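No Cβ is skipped: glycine too gets one built from the backbone with ideal geometry, and neighbour counts run over all protein chains shown. Taken together, the values in this text are just the output of simple stated rules run on the coordinates, not laboratory data.
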Amino acid sequence: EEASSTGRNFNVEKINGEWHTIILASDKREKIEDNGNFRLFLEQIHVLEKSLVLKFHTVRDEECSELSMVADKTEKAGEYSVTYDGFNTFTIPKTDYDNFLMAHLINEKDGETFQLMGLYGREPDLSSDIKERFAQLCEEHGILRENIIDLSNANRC
Ligand SMILES: OCCCCCCCCO
């Protein structure tokens, strides 16, 4: 079965655990390019009662750095917020819990905004079919494929 965090049948506990960043996308491409603050490699999601603890690592000069963040539930069901290089809110428009999770995030910094979409997998990669479904979801949000970066060959330390 598949679900959206904003949907009636969402079971947040089912997204707990191991995850890997497979693809990142953004309408401000520089944010997820090599030196971007949003080129974040997810490692795990710890589901708590009113929040999600997100464990990531960033890479620089081929060196990994750990980063942890706490995302709080907002008043919108299925939406979480987190302070990181500005103010962020995000939802999970589609996940099947066992293979993939697709997130859509809005960042606001210095009076500006941009969209970020991420495709995470339980394993370090996903099938080409799931990657295509992600490209379609990015398209629905006005993000061109040229702004979608597959990081499956660079998500391990
Ligand atoms: O690409 C790093 C910016 C935050 C994305 C995290 C969203 C994952 C939702 O579990």
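At-a-glance table
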read-out: Helix-only CD estimate at 222 nm, as mean residue ellipticity for the chain, using -39500 (n - 2.57) per DSSP H run (n ≥ 4); value: -2500 deg cm²/dmol
read-out: Selected from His104, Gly17, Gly78, residue furthest toward positive end of dipole (the chain; charges at beta carbon); value: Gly78
read-out: Size-normalised alpha-carbon gyration radius of region 1-86, reference 2.2 N^0.38 Å; value: 1.18
read-out: For the chain, the Rg and Dmax computed from alpha carbons only, in angstrom; value: 14.4, 44
read-out: The chain: relative contact order as a whole-number percent, Cα under 8 Å and 6+ apart; value: 28 percent
read-out: Cα-Cα over 21 Å, subset of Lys28/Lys76; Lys50/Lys131; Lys50/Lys76; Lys28/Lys109; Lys50/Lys109; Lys94/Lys131; value: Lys28/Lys76; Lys50/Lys131; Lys50/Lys109
read-out: For region 125-133, Karplus couplings with θ = phi - 60° (6.51, -1.76, 1.60), whole Hz, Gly/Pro x; value: 8, 9, 5, 4, 4, 5, 4, 5, 4
read-out: Space enclosed by the convex hull of the alpha-carbon atoms of region 1-48, per residue, Å³; value: 118 Å³
read-out: Alpha-carbon centroid distance for the pair region 1-50 / region 84-117, whole angstrom; value: 7 Å
read-out: Residue with peak Gaussian network fluctuation, the chain [Cα springs, cutoff 10 Å], from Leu24, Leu48, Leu105; value: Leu48
read-out: Assigned charges on the beta-carbon of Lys, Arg, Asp, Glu; the chain dipole about Cα centre (debye); value: 300 debye
read-out: Debye-sum result for region 67-119 in log10 I(q)/I(0), which assumes one identical scatterer on each alpha carbon, at q = 0.21, 0.23, 0.28 Å⁻¹; value: -0.82, -0.95, -1.18
read-out: Exposure proxy ranking, count of Cβ atoms within 10 Å, fewest first, for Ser128, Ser68, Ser152, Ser5; value: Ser128, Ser68, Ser152, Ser5
read-out: Leading residue at positive end of dipole, the chain (Cβ point charges), from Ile32, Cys138, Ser128; value: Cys138
